[PDB]
Structures are given as structure tokens and as C-alpha cells.
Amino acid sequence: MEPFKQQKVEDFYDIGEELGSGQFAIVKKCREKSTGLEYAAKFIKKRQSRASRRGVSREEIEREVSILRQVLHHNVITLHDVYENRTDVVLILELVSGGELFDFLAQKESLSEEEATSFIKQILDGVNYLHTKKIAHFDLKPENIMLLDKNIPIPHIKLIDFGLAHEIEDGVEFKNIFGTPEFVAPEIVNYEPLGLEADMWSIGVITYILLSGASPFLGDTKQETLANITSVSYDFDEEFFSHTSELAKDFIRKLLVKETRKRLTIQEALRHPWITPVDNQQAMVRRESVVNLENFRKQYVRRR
């Protein structure tokens, strides 16, 4: 149960540019002095007691670390080390510096559904790895879908940010309200038992956006968004979906399901004919279906 390292992080690491942050965490590029190899340092601020406004609980820090220690897959971020000082716990993580998937897609000259599906398959492969280990990510959304390097022809996806991830336990009910409203399943909004299915919903949301530039449930305010989610009110309006294949629409429709039991599981998603064509006729349809990147760019730029 490797103890967290008590030595000063700056004594063993050079610290460079900010990569990002959340509410109680900041991420910075770093380099281990002894090896010269680069990583990302995630500084998580510790709480004072339990009614502290600021900082993350020990339970929550330790859960994130436990889960990260378990994971070794080519589509998931890998943990290098953990340090702790008076104010923070510092996670030294694989450096993933190629930006968000969506930023890369926004710069393309064109995108086919075949190309789209080989990005989505990479996400599905990392999620399958997690789900096989009974790990739910619980924060699947475009900003946590990162690329190693944006300058190879077909960039490699890494799932990041395990701050909400949780191990699903046999016969135990897990209920909580968390995440970004746009991307959360109805069981989160409704304070109902949660499990691996919630990740599958989020995958339908990400796929919908990827293909269209629009978001299925997003309203003018949070109040509207929550109402849309819980009533599963979304469309495939021709404004945004004119170019989309029927199999793409079927894939999404099978993920954006309220009843957790009826939603595709990760292995069912992987086998779905949009991802895994059954014949050449279908492979052709998928190759010839394009994404309107204009709409995609328009909406991605607006999120910035």
C-alpha cells in the first residue's frame, strides 16, 4: 500500500506550465530530475476537517489513488508516483500533452463516420478495461478525452481525471449527485442507484456531440438541462443530423435510455454494427457518411 512520499516535490521535480485545474486541484507539467522524464503533477488540496469549504477529503483522495494504481491500459492515464505535504496530495501522472480530442477534430478538413468510430472505439476500449475491473469513471465528457500527440495521423486517446471514479460493489447501492449536468445520466439527477451504466449514457452524449456539434439535453440554464435529461427529451433534428447514418443514430438511441437495465453495456456497444460492421455493404455506408465539421467547429469555438 505504497506510502505517499513525504519529500518535497520540488526537490525531485522541475515544475513547468499549468495544464489545467478543477475546483480543488491544479495540474502542472513536471520533469523527474533523476531520470529527465516528463510527467503531469496534479496538486489536490486537502481539507481541514469535514465542514471545510475548501479541499478534498482524505477518503476521496485515497479512492482516486487506489483506482489509478490498478489501471494499466493504452487508452487510460497511468500513475507514476504520489507525494503529500502539509497542504496537498500530489499525483505524478503520465503526461498527456496533445490537447482535447475535440480541439483536434475541429481543425480537420473533413471527418467520416469511419474515422469518427475509430476515435469512439478507443474510448470504448478504455471504458471496457475499466468496466471489466468494476470501475466506473463517472466523469466521461469531452475535456477528459485527451490525446497523446496531435501530430500523428490518427491520434491516440487517453481517458483522464479519475476524481469521480468509483469501484462498483456487489449488492451495494451507491447514490450521489456529481458531475457536469450536460453529461450526466438520469440516475444521477434522480439520486438513484448508480453503476457502470452511467458511463454508457455519457458515451451516447459525447457521440451525439461529436457527430453533430449539438448537445442532446443542454438547455438555456441548468434547470432546463435537468428537466431534459430526466424526461429523456432529445432529437435528431435534420439541422444537425442531415449527414448522419441510421446506424449512428441507432447506436446513440440505444445508449440514451433511462432504464439502466435496457442501456447497452460496454461489450454490447463494442459489438454494435456502427462500431463493428457485419459486412462490406455496411462498412461502405459508414465510410461515405460524413460529419459536418462547420457545425462542429461553430459550437466548439462557442465553448471557449
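Residue numbers here begin at 1 and follow the sequence given.
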Assert higher mean C-alpha B factor (84-92 or 181-189, deposited values) equals 84-92
Mean B factor on CA atoms, stretches 104-112 and 132-140, record says higher is 104-112
The residue of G195, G204, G163, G171 with the maximal C-alpha B-factor according to the PDB record is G171
The largest CA temperature factor among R271, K46, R263, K249 is found at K46
In terms of its chain's C-alpha B-factors, the third that includes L256 is the middle
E64: C-alpha B-factor third of its chain, per the entry, is the lowest
Quick tally, chain-level thirds of C-alpha B-factors: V27 sits in the middle
Chain thirds by Cα B factor, record data; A214 belongs to the middle
Entry-reported C-alpha B-factor of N75 relative to its chain, by third, is lowest
